[PDB]
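Contents: one structure, followed by commentary.
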Amino acid sequence: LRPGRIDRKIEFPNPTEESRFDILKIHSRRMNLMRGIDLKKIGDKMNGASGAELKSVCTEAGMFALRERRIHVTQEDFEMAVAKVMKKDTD
Amino acid sequence: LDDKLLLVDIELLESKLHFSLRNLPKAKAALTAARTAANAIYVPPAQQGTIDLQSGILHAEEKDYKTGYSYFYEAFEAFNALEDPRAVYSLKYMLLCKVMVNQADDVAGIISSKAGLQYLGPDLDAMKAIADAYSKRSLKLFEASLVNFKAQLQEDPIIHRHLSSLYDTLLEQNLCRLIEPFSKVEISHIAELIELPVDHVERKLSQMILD
Amino acid sequence: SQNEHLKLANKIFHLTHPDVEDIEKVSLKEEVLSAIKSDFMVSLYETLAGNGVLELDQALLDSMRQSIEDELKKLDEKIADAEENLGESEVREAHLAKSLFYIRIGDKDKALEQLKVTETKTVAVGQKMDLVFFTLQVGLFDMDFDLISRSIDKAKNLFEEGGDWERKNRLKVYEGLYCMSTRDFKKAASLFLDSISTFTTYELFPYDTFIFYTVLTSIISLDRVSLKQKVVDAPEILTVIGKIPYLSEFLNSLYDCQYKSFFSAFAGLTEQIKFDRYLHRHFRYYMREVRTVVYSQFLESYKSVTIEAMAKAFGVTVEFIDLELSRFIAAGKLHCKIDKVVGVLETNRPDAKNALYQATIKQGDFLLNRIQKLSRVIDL
Amino acid sequence: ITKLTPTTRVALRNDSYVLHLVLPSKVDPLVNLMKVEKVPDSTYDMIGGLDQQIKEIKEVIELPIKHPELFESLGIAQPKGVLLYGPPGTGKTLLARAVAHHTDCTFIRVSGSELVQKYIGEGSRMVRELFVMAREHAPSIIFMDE
Amino acid sequence: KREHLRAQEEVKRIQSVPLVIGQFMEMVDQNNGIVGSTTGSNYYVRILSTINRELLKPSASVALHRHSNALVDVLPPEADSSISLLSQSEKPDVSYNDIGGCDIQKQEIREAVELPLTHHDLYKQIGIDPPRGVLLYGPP
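Chains as they are written, first to last, in the entry's author numbering: chain A, 304 to 394; chain B, 159 to 369; chain C, 7 to 386; chain D, 102 to 247; chain E, 71 to 210.
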């Protein structure tokens with residue numbers, strides 16, 4: 304902690320909804336969505352968990368979609384996977 | 159109040175209500191909400207089997223038969239684990255789903271299964287007769303079983319809602335059987351063979367060619 | 007930016023095709039409403055020559071070529087402050103967004119040397135692959151049919167790492183409008199499911215309109231087992247074409263065998279196909295394929311029906327049917343054989359051997375025409 | 102002889118063990134250590150909601166990369182220490198990856214394992230082992246997890 | 071031509087019969103290579119022109135002459151990894167329902183593995199990059 308050792312410090316604060324919007328736009332960019340996303344509400348459901356839980360949620364959405372061999376995970380699948388991500392968050 | 163068990167129960171009842179009301183979209187939304195809530199709690203086997211049964215019903219209604227297939231095997235496992243008479247209806251719905259996938263042969267195999275032998279019943283005989291009708295591609299025994307197993311088939315609202323499509327497919331496949339021995343044929347001859355009016359035969363063959 | 011480029015292109019192209027859209031006048035007003043604002047300089051000098059005189063446009067140019075320069079010189083006031091304390095080549099990184107302005111404002115040359123500039127800048131494809139989409143969209147305006155062939159592969163080579171479905175499903179729209187723009191209605195149906203799953207951009211804000219477009223190419227490309235696939239597309243139409251009374255009646259009349267009312271809206275669509283951009287190169291090729299598809303659908307439904315039955319049930323005019331069926335059997339398609347003086351139409355059935363042999367001998371002659379002419383050119 | 106790079110492979114006769122030919126591309130130990138690391142290569146445009154931190158890291162390190170004369174005019178010392186802190190793996194790891202991505206620096210993140218020790222040195226008495234690998238790859242950056 | 075037909079004599083001579091183990095690592099050029107040998111050390115030799123040079127650039131099982139120690143042929147993969155698919159012998163035949171319900175305890179993970187294995191088109195079109203490998207962990 305000597306002042307001359309750490310030339311500068313940068314912290315990674317927990318992203319909020321204002322930050323998660325771009326996080327979602329980046330994470331779901333590689334997925335096969337359904338015509339119409341409405342990710343703003345889902346991000347509202349995301350009460351600033353972390354910079355990684357959003358990644359799982361985006362990935363977890365494809366879980367159900369694969370479970371029904373669906374060709375696109377609609378806003379329902381991402382919403383459902385959101386609860387499973389938060390289900391682990393609440394455990 | 160975060161009473162997730164009661165929430166799941168209420169949402170399943172609500173989904174069933176709108177299934178009865180033929181409002182499939184909102185019923186499916188309710189089922190999705192119920193499954194989301196259930197995923198957060200250790201659902202008892204009876205309740206989980208209830209969600210499986212209802213999901214299979216909705217997906218079959220959409221005509222997405224393989225998903226309701228899998229869902230109803232989940233349901234049968236759940237109910238048989240509890241010896242609950244609703245395993246019986248689960249068995250019927252699985253057999254419907256199979257017969258609809260043109261795999262009527264597997265009906266005999268499933269019925270011979272250990273679980274099926276435990277639940278031999280007049281309704282299972284109805285399902286076997288339906289499969290037999292589907293197998294040889296003949297309609298007459300389909301009407302014969304519909305009349306014979308009236309108590310089993312029509313008063314079940316779910317089964318009745320697909321009896322029409324099964325009737326149609328049986329017509330189609332029996333017609334395909336009937337047309338093979340010819341390359342040219344007279345339509346009235348087809349009618350008398352199937353003893354359906356020449357005009358309906360003409361229209362439906364026109365549809366088949368269009369299809 | 008190139009996102010409303012749609013307005014520019016579509017409006018000017020309507021004004022220029024179909025014999026100048028009746029009395030050319032509102033099209034030269036509303037395009038000029040967009041031309042002498044938003045700093046457009048280059049793409050309309052000959053469009054002014056296709057327009058009237060508009061004698062004093064010099065002050066209209068001078069206020070905008072100055073405004074062209076003011077955005078140009080603030081790049082010239084940025085490129086020396088971005089290099090003194092460099093970020094990730096912030097000269098380029100500023101004008102990697104402002105080249106697309108200079109793509110709209112200038113011509114392709116200020117775009118093409120700056121896009122290939124910044125293509126070597128970014129080390130992740132998420133900025134690269136958006137540059138390639140900008141190269142595609144200018145390749146449609148200047149109809150660079152040979153420059154799209156390069157960068158589409160250079161697009162497609164980038165998506166495989168990652169999933170990039172907003173970079174893939176958006177991409178499928180671009181081949182879909184390219185396979186329809188020129189004669190390739192086959193891939194048009196490809197992007198049919200692609201449009202089912204895509205989204206509404208500035209070019210196609212109306213989902214119902216994109217939905218109807220994916221239906222005109224489907225009724226050629228696939229038969230009726232795939233038209234039962236198209237009835238699943240019609241449950242998708244109860245979702246979208248349920249707002250359309252015209253297209254719902256037009257598609258279903260072929261499916262419901264409502265043969266007489268089929269031509270009534272076919273006259274509507276084909277007229278609309280003429281005034282529409284990008285189908286007007288091939289509006290005469292569409293209906294003659296839709297006539298021969300509507301004819302043979304009915305005729306394959308009988309060994310032989312009389313020729314005076316098709317007047318009152320399919321389309322009126324007996325001699326109209328006569329001259330039309332005579333020119334299609336002579337064209338080598340529509341497998342039947344018409345009689346004349348006992349007043350009947352007889353069908354046949356040929357195998358899929360003679361007709362399948364016919365297309366082989368075309369391609370075998372065509373490829374040998376290619377290689378024999380090549381081998382003369384090389385080796386003196 | 103000069104073309105024959107020391108610590109490199111050349112062909113060797115059998116009966117004589119005389120030079121026969123050079124060996125093109127045998128191995129790079131730092132590349133092997135990095136491959137064992139399996140760093141998640143990222144892209145600066147894929148950075149999530151840390152724009153100001155992005156410029157800070159740029160202004161923290163990258164500035165004496167594309168403009169080494171920046172601090173010379175002001176006569177200040179070259180910054181040395183930069184750390185990522187906050188919620189675990191909140192994108193800070195991804196921000197670090199994207200830093201090298203947009204900066205083109207040799208990324209080496211270590212967790213103090215023992216398998217990588219086989220490439221740094223026989224015993225690794227001091228922590229100067231990594232520097233030797235970095236010392237010849239000057240365009241490098243150092244990252245260390247918690 | 072009648073002599074170049076004897077250009078199966080080279081094949082015959084090379085192949086011989088007593089060939090030893092080997093491993094293909096890389097080649098300096100055509101008709102030139104450095105091999106990876108079971109002897110723990112490495113030797114570089116020429117190649118046997120009478121072979122499909124494009125066989126397995128990464129690794130394989132080649133031969134070598136007792137004295138020359140050079141490839142003259144390449145046999146199939148033969149290792150001590152045992153008969154993996156020993157049918158019933160290496161088949162557990164265990165009811166999926168194993169020691170407890172484990173309905174999400176490990177069932178979902180196994181289902182994801184099976185989806186990456188059988189529904190390859192599904193773990194492919196979505197672009198979700200199914201997991202790489204399964205390493206079980208838990209209380210003894």
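Cβ coordinates follow ideal geometry from the N, Cα and C atoms, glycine included.
- Put simply, of A:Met337, A:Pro306, A:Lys358, A:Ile345 the residue whose alpha carbon is nearest the alpha carbon of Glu172 (chain C) is A:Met337.
- In the three-state scheme derived from DSSP, where H, G and I count as helix and E and B as strand, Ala319 (chain C) is classed as helix.
- Looking at D:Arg110, D:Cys206, D:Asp129, the one whose alpha-carbon comes closest to that of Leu120 (chain D) is D:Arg110.
- Against chain B, the CB of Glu363 (chain A) has no partner CB under 8 Å away; the residue lies outside that interface.
- Here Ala198 (chain B) is near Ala386 (chain A), since their CB atoms are less than 8 Å apart.
- Contact between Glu295 (chain C) and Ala271 (chain C) does not hold, since the beta-carbon distance rounds to 17 Å and is not under 8 Å.
- Per the Cβ contact rule, the region 176-186 of chain E is not in contact with the region 98-117 of chain E (fewer than 3 Cβ pairs under 8 Å).
- From the listed residues C:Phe289, C:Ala273, C:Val237, the smallest Cα separation to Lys280 (chain C) is found for C:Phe289.
- Closest in alpha carbon position to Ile367 (chain B), among C:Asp63, C:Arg230, C:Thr126, C:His286, is C:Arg230.
- Contiguous alpha helix (DSSP H) elements confined to the region 103-149 of chain C occur at 114-125, 131-147, taking only those with 4 or more residues.
- Residue pairing from DSSP leaves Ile329 (chain A) without any beta-bridge partner.
- Taking 3 residues as the minimum length, the region 240-324 of chain B contains no beta strand (DSSP E) run wholly inside it.
- Where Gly103 (chain E) is concerned, the enclosing beta strand (DSSP E) starts and stops at 102-104.
- Neighbours of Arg193 (chain B) in chain A, taken as residues at a C-beta separation under 8 Å, are given in chain order as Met383.
- Chain-ordered listing is empty here: chain C has no CB closer than 7 Å to the CB of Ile104 (chain E), the nearest sitting near 33 Å.
- Near chain B, meaning a CB-to-CB distance below 7 Å, the residues of the region 306-340 of chain C are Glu306, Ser307.
- Scanning E:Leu192, E:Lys161, E:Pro186, E:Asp99 for the CA closest to the CA of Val123 (chain D) turns up E:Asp99.
- Distances from the CA of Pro130 (chain D) to each of D:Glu157, D:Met245, D:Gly222, D:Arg229 were compared; the closest alpha carbon is that of D:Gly222.
- Beta bridge pairing from DSSP links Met293 (chain C) with no other residue.
- By the neighbour-count definition (other C-beta atoms within 10 Å, threshold 16), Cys255 (chain B) is a buried residue.
- Shown here is that no member of the region 330-362 of chain A has a Cβ falling below 9 Å from a Cβ of chain B.
- For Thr215 (chain C), no Cβ of chain A is located within less than 8 Å of the residue's own Cβ.
- Checking the DSSP bridge columns, you'll see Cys342 (chain C) partnered with C:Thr353.
- Taking all protein chains shown into account, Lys31 (chain C) has fewer than 16 neighbouring C-beta atoms within 10 Å of its C-beta and is therefore exposed.
- Selection C:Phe147, C:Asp87, C:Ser310 evaluated against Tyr284 (chain C) yields C:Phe147 as nearest (Cα-Cα).
- The three-state reading of DSSP puts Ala352 (chain A) in coil, since its state is none of H, G, I, E or B.
- In this structure, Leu329 (chain B) lies near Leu297 (chain B), with their beta-carbon atoms less than 8 Å apart.
- Close partners of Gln133 (chain C) in chain D (Cβ separation under 9 Å): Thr144, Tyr145, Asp146.
- Under the three-state reduction of DSSP output, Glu124 (chain E) falls in the coil class, being neither helix nor strand.
- A straight line joining the alpha-carbon of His20 (chain C) with that of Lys343 (chain A) spans about 38 Å.
- Any Cβ of chain D closer than 8 Å to the Cβ of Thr128 (chain C) would place that residue at the interface, and such an atom is present.
- If you check the CB distance, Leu244 (chain C) and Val221 (chain C) do not come in under 8 Å.
- With distances taken between CA atoms, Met97 (chain E) lies nearest to E:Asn112 out of E:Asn112, E:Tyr193, E:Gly208, E:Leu205.
- Against chain A, the CB of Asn197 (chain B) has a partner CB under 8 Å away; the residue lies at that interface.
- Proximity to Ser293 (chain B) across B:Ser228, B:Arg335, B:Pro315, B:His320 peaks at B:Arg335, based on C-alpha coordinates.
- Around the C-beta of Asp394 (chain A), fewer than 16 other C-beta atoms lie within 10 Å, and the residue is accordingly described as exposed.
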